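The block underneath contains the structure these notes are about, expressed in structure tokens.
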Amino acid sequence: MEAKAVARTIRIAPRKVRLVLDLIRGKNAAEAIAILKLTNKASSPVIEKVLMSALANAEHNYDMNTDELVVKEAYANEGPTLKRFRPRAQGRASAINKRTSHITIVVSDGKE
Amino acid sequence: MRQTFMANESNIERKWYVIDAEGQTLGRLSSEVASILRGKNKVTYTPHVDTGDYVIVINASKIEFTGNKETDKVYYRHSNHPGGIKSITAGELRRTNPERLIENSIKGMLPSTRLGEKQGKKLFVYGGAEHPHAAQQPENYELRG
Amino acid sequence: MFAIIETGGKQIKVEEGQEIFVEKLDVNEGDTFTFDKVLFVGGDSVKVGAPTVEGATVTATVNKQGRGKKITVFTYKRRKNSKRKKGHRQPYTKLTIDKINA
Amino acid sequence: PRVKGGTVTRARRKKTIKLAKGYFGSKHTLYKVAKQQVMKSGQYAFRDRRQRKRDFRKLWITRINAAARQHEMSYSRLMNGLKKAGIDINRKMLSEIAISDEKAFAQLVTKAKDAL
Amino acid sequence: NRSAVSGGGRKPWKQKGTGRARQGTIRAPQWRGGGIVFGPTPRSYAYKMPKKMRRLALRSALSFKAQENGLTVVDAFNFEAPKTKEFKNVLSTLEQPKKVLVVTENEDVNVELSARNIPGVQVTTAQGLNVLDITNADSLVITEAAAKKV
Amino acid sequence: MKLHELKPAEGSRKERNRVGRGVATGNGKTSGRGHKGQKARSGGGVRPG
Amino acid sequence: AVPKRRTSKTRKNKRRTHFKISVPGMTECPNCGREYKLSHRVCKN
RNA sequence: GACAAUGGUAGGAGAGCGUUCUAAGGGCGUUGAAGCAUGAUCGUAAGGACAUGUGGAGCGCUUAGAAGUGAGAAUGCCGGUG
RNA sequence: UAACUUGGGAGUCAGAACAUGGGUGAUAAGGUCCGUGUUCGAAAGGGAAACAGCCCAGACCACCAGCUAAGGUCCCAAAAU
RNA sequence: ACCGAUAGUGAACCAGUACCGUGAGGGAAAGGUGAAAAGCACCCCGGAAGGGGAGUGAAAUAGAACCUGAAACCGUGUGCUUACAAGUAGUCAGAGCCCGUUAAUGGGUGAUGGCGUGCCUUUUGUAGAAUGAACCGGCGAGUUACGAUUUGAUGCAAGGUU
Ligand SMILES: [Mg+2]
Ligand SMILES: [Mg+2]
Ligand SMILES: [Mg+2]
Ligand SMILES: [Mg+2]
Ligand SMILES: [Mg+2]
Ligand SMILES: [Mg+2]
Ligand SMILES: [Mg+2]
Ligand SMILES: [Mg+2]
Ligand SMILES: [Mg+2]
Ligand SMILES: [Mg+2]
Ligand SMILES: [Mg+2]
Ligand SMILES: [Mg+2]
Ligand SMILES: [Mg+2]
Ligand SMILES: [Mg+2]
Ligand SMILES: [Mg+2]
Ligand SMILES: [Mg+2]
Ligand SMILES: [Mg+2]
Ligand SMILES: [Mg+2]
Ligand SMILES: [Mg+2]
Ligand SMILES: [Mg+2]
Ligand SMILES: [Mg+2]
Ligand SMILES: [Mg+2]
Ligand SMILES: [Mg+2]
Ligand SMILES: [Mg+2]
Ligand SMILES: [Mg+2]
Ligand SMILES: [Mg+2]
Ligand SMILES: [Mg+2]
Ligand SMILES: [Mg+2]
Ligand SMILES: [Mn+2]
Ligand SMILES: [Mn+2]
Ligand SMILES: [Mn+2]
Ligand SMILES: [Mn+2]
Ligand SMILES: [Mn+2]
Ligand SMILES: [Mn+2]
Ligand SMILES: [Mn+2]
Ligand SMILES: [Mn+2]
Ligand SMILES: [Mn+2]
Ligand SMILES: [Mn+2]
Ligand SMILES: [Mn+2]
Ligand SMILES: [Mn+2]
Ligand SMILES: [Mn+2]
Ligand SMILES: [Mn+2]
Ligand SMILES: [Mn+2]
Ligand SMILES: [Mn+2]
Ligand SMILES: [Mn+2]
Ligand SMILES: [Mn+2]
Ligand SMILES: [Mn+2]
Ligand SMILES: [Mn+2]
Ligand SMILES: [Mn+2]
Ligand SMILES: [Mn+2]
Ligand SMILES: [Mn+2]
Ligand SMILES: [Mn+2]
Ligand SMILES: [Mn+2]
Ligand SMILES: [Mn+2]
Ligand SMILES: [Mn+2]
Ligand SMILES: [Mn+2]
Ligand SMILES: [Mn+2]
Ligand SMILES: [Mn+2]
Ligand SMILES: [Mn+2]
Ligand SMILES: [Mn+2]
Ligand SMILES: [Mn+2]
Ligand SMILES: [Mn+2]
Ligand SMILES: [Mn+2]
Ligand SMILES: [Mn+2]
Ligand SMILES: [Mn+2]
Ligand SMILES: [Mn+2]
Ligand SMILES: [Mn+2]
Ligand SMILES: [Mn+2]
Ligand SMILES: [Mn+2]
Ligand SMILES: [Mn+2]
Ligand SMILES: [Mn+2]
Ligand SMILES: [Mn+2]
Ligand SMILES: [Mn+2]
Ligand SMILES: [Mn+2]
Ligand SMILES: [Mn+2]
Ligand SMILES: [Mn+2]
Ligand SMILES: [Mn+2]
Ligand SMILES: [Mn+2]
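Chains as they are written, first to last, in the deposited numbering: chain P, 1 to 112; chain G, 1 to 145; chain O, 1 to 102; chain N, 2 to 117; chain C, 53 to 202; chain I, 1 to 49; chain Z, 2 to 46.
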């Protein structure tokens with residue numbers, strides 16, 4: 001129907017990816033790519049590549065007209081997180097969380 | 001919950017009444033007007049809503065006291081700054097705009113509830129004899145003993 | 001018109017035709033019950049019982065002999081290790097009125 | 002035989018949580034918090050069921066007081082005279098009458114001023 | 053128990069100063085992988101009854117089968133058969149004990165019939181007598197029961 | 001007495017009492033308070049002082 | 002100094018309403034295609 | 001059918017709920033078991049069912065027997081996540 | 001309408017205020033130590049603004065029924081301007 | 001009428017091993033795709049990772065970090081609601097709006113009014129500014145053996161019992 005694509009365990013924290021994701025959500029696919037290319041945060045290129053792949057198999061698979069396509073929905077979910085430490089003063093170690101996330105984008109036409 | 005009536009803002013009506021304060025004692029006017037404002041004087045009264053009528057007090061300037069309340073009766077106030085009990089004014093200073101005399105006095109006889117705060121906005125006081133509010137067409141109201 | 005029949009432990013204002021509810025009457029479900037205590041009668045031509053308007057009666061077909069929704073009756077004393085929980089469902093009789101003073 | 006935990010605790014707890022529904026945030030979510038709010042809820046409702054019986058009697062009485070004042074008679078005397086006339090009507094009734102039939106309530110009042 | 057478990061015996065940390073709970077062993081019962089408190093231990097489960105009581109039980113069970121249905125028969129034959137199934141031409145029901153006078157090996161190898169159980173009378177237990185459904189004493193064994201259990 | 005229907009003598013065997021299994025049961029301190037409901041529990045077998 | 006009571010999901014989110022990023026000011030390249038940031042260079046074309 | 005009693009801490013007395021296993025009987029299960037989820041269901045309580053989804057192989061009921069039989073608190077232990 | 005006897009199982013041995021007869025202190029203490037009574041402890045409900053120990057009164061459960069107790073009846077706030 | 005992966009050995013996995021100590025010594029975690037590897041040819045976006053088709057399979061909403069997949073916790077959508085209001089968060093009363101059930105005097109939300117200082121422990125007395133608990137899950141405390149006594153039950157009985 002109205003196509004989607006997903007990237008899994010990207011190693012950016014979900015809070016961080018979500019910031020870029022909010023600007024893109026609900027927007028026309030073209031300007032979505034624009035806002036993505038100009039927004040200078042770290043997650044922007046990653047999210048870009050995901051939206052590109054989404055529109056790509058929205059055409060090669062479901063044969064929609066790419067230009068009428070809209071970013072119907074985008075989000076990021078907590079992935080598994082790598083756990084590391086960080087030695088400190090007095091010889092105590094302390095926690096560090098290298099978190100990762102599943103980014104999802106879904107583009108669209110009309111209802112049918 | 002067998003069968004008790006509950007009025008609401010679809011089954012309600014509130015009239016406008018004028019009240020001449022001259023010759024009246026402060027407190028005994030005030031209580032009466034408060035009960036007016038609350039809807040206490042109608043059988044449709046129902047606590048979770050305002051069913052009260054509108055009240056205009058007039059000739060507020062001529063309200064009178066007992067005792068030596070011209071003096072002795074002090075109204076306090078506090079600014080929430082240190083030494084801030086800027087407070088005192090004699091009850092006598094109904095010469096200084098007394099629309100606040102009657103307004104405060106009645107309002108302090110209404111419950112602290114937010115509904116009660118809105119009930120108290122139905123009051124209108126004037127030291128003068130004329131009031132702006134004809135159009136609302138108030139009926140005059142006898143002040144029962 | 002009005003009833004003001006004294007049917008439960010309580011007075012009740014019935015209008016004839018309106019189904020009412022009252023503490024259970026233990027009379028079989030289809031049968032017709034009559035209320036023999038009528039305190040007042042409204043509408044035009046009022047009679048005011050002192051008490052009971054004499055001989056006046058309300059008739060009502062019985063409709064149902066159910067029990068109301070459960071209400072848990074839970075209760076406790078802080079720092080005292082005691083509590084009580086009891087379910088409760090109060091039985092009733094629903095019935096439609098027909099012909100006041102009749 | 003070792004006996005394992007299993008099901009039971011979780012169903013007990015889930016019962017308790019579903020009990021706690023309109024509740025604010027963690028009050029509807031954690032078992033401990035929700036158990037507490039439900040307990041207190043039970044106590045509140047138990048007393049409140051008893052007080053409610055009063056809270057209605059007073060509302061009736063004020064409505065009666067009003068309808069009586071309207072006929073230039075205080076509720077105190079209205080009830081005393083209704084007693085002396087042997088009227089034995091209920092307060093919920095006396096008031097719903099004062100709302101749905103003014104002529105009737107006026108009649109009962111006149112009955113009350115008589116025998117006074 | 054905690055004395056048994058493979059470890060223990062060093063205080064995991066000093067009593068005070070840590071902001072942790074007191075602990076004595078890494079194998080104490082509230083620890084994961086610690087000892088068990090009052091678990092099962094090996095023991096008998098078996099008890100004496102007065103002898104006369106046992107005899108009463110037996111008469112009671114046999115006479116129970118009597119008050120319903122417990123039948124008596126001629127005697128045995130040869131070597132090894134599932135002709136015992138044919139033997140309940142005699143029309144015994146799904147659960148039965150044969151009761152031979154004293155160890156009729158061969159009658160004993162009428163065994164793997166699904167739910168039949170033959171012993172000698174010197175056995176004759178209350179349980180076997182009880183799941184029973186229908187018993188068949190023969191005659192020698194019947195008289196021996198009558199001899200011993202009087 | 002068909003073995004899927006056994007019944008014990010009408011007065012035999014009451015259930016055993018389990019302390020420390022809840023508050024409704026009526027044991028949860030289990031028994032005593034604060035004194036020598038400590039585990040050694042040594043009232044020295046027959047004595048006072 | 003330490004927090005004396007944990008922040009609730011509600012408090013923490015209310016504290017975050019202003020923590021967005023604004024969508025960049027941007028403009029179409031005249032007859033070049035890819036859009037660019039405002040008052041910034043048009044790139045190599 | 002009238003009548004009486006029924007606040008309660010330590011604590012005594014009683015009757016019961018549910019969990020795992022066992023025995024005997026009687027049953028359910030790929031035309032979908034346990035488990036998980038959802039629901040406006042039932043009993044005086046502990047608690048018991050029914051329908052739908054998920055799941056993919058095991059499980060109830062009755063009577064009795066035996067217990068590693070019930071958790072919210074121990075600066076309790078382990079793990080996950082704030 | 002209870003009492004006593006014998007036996008199985010207990011818990012308790014930090015008490016508190018008020019009233020009152022008293023010692024100690026200072027006819028001081030929300031002090032202390034004895035006598036007597038109540039209440040709290042283990043008691044919810046109503047009154048005393050709030051307020052274990054005061055006043056009224058002892059919650060089996062449901063009701064949107066009635067009469068009362070202490071305390072109340074101009075408004076907040078049920079009931080006498 | 002023993003355990004069933006926090007259990008049962010410390011060790012169901014190449015355990016006295018990672019790891020720690022100069023040393024004696026201490027001492028883990030970690031089981032499960034499927035009936036069968038049939039473990040996704042090929043096309044597509046991507047440097048790859050990862051993914052959408054197309055396929056294998058009863059199932060991959062069984063795809064390898066693979067049975068079931070609870071809770072805390074993180075998100076996306078929205079039905080009712082919220083910016084004059086002093087809140088142990090509920091309870092009792094109640095309009096409005098939305099909905100339609102294990103059909104029964106139904107479900108969600110809630111303007112506004114009444115009432116209302118968590119739980120546990122410990123105490124004469126705790127909303128206590130006295131103790132404990134970040135949250136969720138699992139695990140975590142009157143047992144067994146022998147003897148003594150008392151009650152109930154059953155059998156005998158001037159006997160009873162090994
Ligand atoms: Mg004057
Ligand atoms: Mg709500
Ligand atoms: Mg509860
Ligand atoms: Mg130590
Ligand atoms: Mg033969
Ligand atoms: Mg002890
Ligand atoms: Mg069950
Ligand atoms: Mg079934
Ligand atoms: Mg299915
Ligand atoms: Mg359920
Ligand atoms: Mg049993
Ligand atoms: Mg804990
Ligand atoms: Mg004295
Ligand atoms: Mg003294
Ligand atoms: Mg004394
Ligand atoms: Mg009280
Ligand atoms: Mg108290
Ligand atoms: Mg008030
Ligand atoms: Mg055993
Ligand atoms: Mg060293
Ligand atoms: Mg490419
Ligand atoms: Mg490529
Ligand atoms: Mg596919
Ligand atoms: Mg696939
Ligand atoms: Mg309601
Ligand atoms: Mg409220
Ligand atoms: Mg005996
Ligand atoms: Mg004997
Ligand atoms: Mn160092
Ligand atoms: Mn206030
Ligand atoms: Mn557990
Ligand atoms: Mn050792
Ligand atoms: Mn700490
Ligand atoms: Mn172990
Ligand atoms: Mn018991
Ligand atoms: Mn107790
Ligand atoms: Mn203790
Ligand atoms: Mn003690
Ligand atoms: Mn010890
Ligand atoms: Mn000694
Ligand atoms: Mn946000
Ligand atoms: Mn009791
Ligand atoms: Mn009582
Ligand atoms: Mn006991
Ligand atoms: Mn099928
Ligand atoms: Mn099982
Ligand atoms: Mn079944
Ligand atoms: Mn246990
Ligand atoms: Mn815990
Ligand atoms: Mn932890
Ligand atoms: Mn002593
Ligand atoms: Mn003492
Ligand atoms: Mn003194
Ligand atoms: Mn003292
Ligand atoms: Mn004396
Ligand atoms: Mn105490
Ligand atoms: Mn009290
Ligand atoms: Mn007492
Ligand atoms: Mn009180
Ligand atoms: Mn006071
Ligand atoms: Mn009070
Ligand atoms: Mn009086
Ligand atoms: Mn009043
Ligand atoms: Mn098992
Ligand atoms: Mn292990
Ligand atoms: Mn497992
Ligand atoms: Mn395999
Ligand atoms: Mn690939
Ligand atoms: Mn296929
Ligand atoms: Mn996983
Ligand atoms: Mn899985
Ligand atoms: Mn507003
Ligand atoms: Mn305040
Ligand atoms: Mn309040
Ligand atoms: Mn406890
Ligand atoms: Mn505290
Ligand atoms: Mn302490
Ligand atoms: Mn703490």
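Where a beta carbon is used, it is the ideal one built from N, C-alpha and C, also for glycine.
- Is the Cβ of N:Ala105 closer than 8 Å to any Cβ of chain G? no
- Task: Report the rounded CA-to-CA distance for N:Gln37 versus I:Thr25, giving the unit in angstroms.
- Result: 21 Å
- Range covered by the beta strand (DSSP E) that runs through P:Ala76: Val70 to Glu78
- Would you decide whether O:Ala56 is buried or exposed? Buried here means 16 or more other CB atoms lie within 10 Å of its CB. buried
- Task: Output, in chain order, the set of chain Z residues within a Cβ distance shorter than 9 Å of P:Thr39.
- Result: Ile22, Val24 and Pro25
- With a threshold of 16 other CB atoms inside 10 Å of the CB of C:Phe90, please say whether the residue is buried or exposed. exposed
- Item | Sub-8 Å separation of N:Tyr32 and N:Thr8 beta-carbons | no
- Query: For the region 72 to 128 of chain C, which segments carrying the beta strand (DSSP E) assignment without a break, of at least 3 residues, lie completely within its bounds, in sequence order?
  - Reply: 122 to 124
- Message: Once DSSP output is grouped into helix, strand and coil, what is the label at I:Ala9?
- Response: coil
- Query: Are there three or more Cβ pairs, one per stretch, closer than 8 Å when the region 184 to 191 of chain C is compared with the region 135 to 148 of chain C?
  - Reply: yes
- In this structure, does DSSP put P:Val17 in helix, strand or coil? helix
- Look up N:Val110 in the DSSP assignment and say whether it is helix, strand or coil. helix
- Query: Any idea if G:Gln24 is buried or exposed, counting beta-carbon neighbours within 10 angstroms, 16 or more meaning buried?
  - Reply: buried
- Query: Is the Cβ-Cβ distance between C:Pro134 and C:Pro149 less than 8 Å?
  - Reply: no
- Message: If you follow the beta strand (DSSP E) that C:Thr195 is in, where does it begin and where does it stop?
- Response: Unbroken run through C:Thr195 is the alpha helix (DSSP H), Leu192 to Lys200; no beta strand (DSSP E).
- Exposed or buried, G:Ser30, counting other C-beta atoms within 10 Å across all chains shown (16 or more means buried)? buried
- Interface residues of chain Z facing P:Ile35 [CB-CB closer than 8 Å]: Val24, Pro25 and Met27
- Can you give, in chain order, each stretch of the alpha helix (DSSP H) that sits fully within the region 134 to 167 of chain C and has at least 4 residues? 136 to 139
- Which residues count as close to ligand 44 when the rule is a CB under 7 Å from any of its heavy atoms, in chain order? I:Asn17 and I:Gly26
- Following the continuous alpha helix (DSSP H) through P:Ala34, name the residue where it begins and the one where it ends. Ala29 to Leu38
- Under 8 Å, do G:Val55 and G:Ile36 count as touching if we go by C-beta distance? yes
- Should I:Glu15 be listed as close to ligand 35, given that the test is whether its C-beta is under 7 Å from any heavy atom? yes
- Could you tell me how far apart the beta carbons of P:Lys98 and P:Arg84 are, in whole angstroms, since I believe they sit closer than 8 Å? 6 Å
- Task: Give a yes or no on whether the minimum CB-CB distance between O:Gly42 and chain N is below 8 Å.
- Result: yes
- Nearest to N:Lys41 by CA position, among O:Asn101, O:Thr93 and O:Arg78, is which residue? O:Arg78
- Message: What would DSSP say about G:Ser61, mapped onto helix, strand or coil?
- Response: helix
- Task: Spell out whether any CB of chain G is found under 8 Å from the CB atom of N:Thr63.
- Result: yes
- So is C:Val89 in contact with chain I if we call contact Cβ pairs under 8 Å? no
- Whole-angstrom distance between I:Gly32 and I:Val46, CA atom to CA atom: 19 Å
- Message: Residues of chain N with CB closer than 7 Å to the CB of O:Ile4, please, in chain order.
- Response: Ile90 and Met94
- Query: Cα-Cα, which of I:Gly49, I:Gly37 and I:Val23 is closest to O:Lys80?
  - Reply: I:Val23
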